[PDB]
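This document starts with one chain, in the form deposited in one PDB entry, laid out as structure tokens.
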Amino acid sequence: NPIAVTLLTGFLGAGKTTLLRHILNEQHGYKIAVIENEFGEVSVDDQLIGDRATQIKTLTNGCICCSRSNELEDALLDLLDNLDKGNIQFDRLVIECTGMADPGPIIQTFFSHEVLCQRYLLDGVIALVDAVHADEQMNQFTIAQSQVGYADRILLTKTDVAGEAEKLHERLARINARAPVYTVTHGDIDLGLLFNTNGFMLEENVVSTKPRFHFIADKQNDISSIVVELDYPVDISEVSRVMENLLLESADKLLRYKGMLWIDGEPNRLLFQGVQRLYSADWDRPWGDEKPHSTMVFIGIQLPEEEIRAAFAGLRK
């Protein structure tokens, strides 16, 4: 049974420490291995060093705390080794990629080798956003917007003290039109919100937040989403060439992208998804009585929206 991997990202907030302190110490009933930057465990049961020098600590609550070098593969493979030998037991893996950490390279690690593809299965990317400092952090650091862009789910905290932050709701939507935004106004972040996002599965509803007309404000950010709607079918060969040219032109620019396509002559939905250079497609549920259409979303920095829309517009007969 594949291990469910969750990436916890977002800028330096106080809420991240509280969440990590809850996984490592309290008894929540989850079997979680954690790769973090700091030190929140106050009850270390045992400890072992893997074949690749990975420091693996077993905690009293059953959970595991794990360190990482510059090569994440080492920690991942050492966790599997000691899992197979019954040294440790865990069902979920939570990796902290907060601060200046790029979620990109971490995601790609879980697709690098065949063994990691089979033994690990990415769940989703969770972006923690502090409503008080979000705008400032995103204005100064590109990586702050990027972490939001990679997210399958955005947890917006401290809105009770940030005041009227509807403008922030919009800005997150312009950056990431895929991820729903969860706004916790009273209480803390539930641990279960990190899991079962289904973010790395083929979706038919790729766009959660419908785009609104704000020309003078929808060009502020550097990372944005491009939502493309087609009410016409396209040739599977033609659209395949367009995508391959598109994904290569903006290779370094694209964070994540998903879409549902109406293929000319095919009675089934064609779904696709991708992260940077890695992309995959597959057929799905038949159209039936539902009116056929195409819906795609491209998240990235400095995307050539004009060229992208024009390319899809030329697929019309």
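Quick note: we count residues from 1 along the sequence shown, nothing fancier. Throughout, rigid core stands for the largest set of C-alpha atoms superposing within 1.5 Å between the two forms.
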Per the PDB entry, mean CA B-factor is higher for 61-69 or 36-44, namely for 36-44
On mean Cα temperature factor in this entry, is 291-299 or 9-17 the higher one? 9-17
Could you tell me which one of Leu76, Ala144, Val161, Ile223 shows the highest CA temperature factor in the PDB record? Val161
Highest Cα B-factor in the deposition, which of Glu114, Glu229, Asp152, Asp81? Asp81
Going by the CA temperature factor in the PDB record, which third of the chain does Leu172 belong to: lowest, middle or highest? lowest
Consider only the C-alpha atoms of the modelled residues in this chain, order them by B-factor as the entry records it, and name the third containing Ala131: lowest, middle or highest. lowest
Should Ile236 be placed in the lowest, middle or highest third of its chain by the C-alpha B factor in the entry? highest
CA B-factor placement of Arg178, once the chain's modelled residues are sorted into thirds: lowest
Considering every modelled residue of the chain and its Cα B-factor in the PDB entry, is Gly50 in the lowest, middle or highest third? middle
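From this point on, the text means the form deposited in another entry, which you will not see here.
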Can you spot, among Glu166, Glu71, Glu244, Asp84, the one with a CA shift of 2 Å or more between this form and the one not shown after core superposition? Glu71
Between the shown chain and the other structure, the Cα gap of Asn70 to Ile143 differs by 3 Å or more. Is it closer or farther in the other form? farther
Check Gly62 against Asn70 at the C-alpha atoms and report closer or farther in the other form, compared with the shown form; the change is 3 Å or more. closer
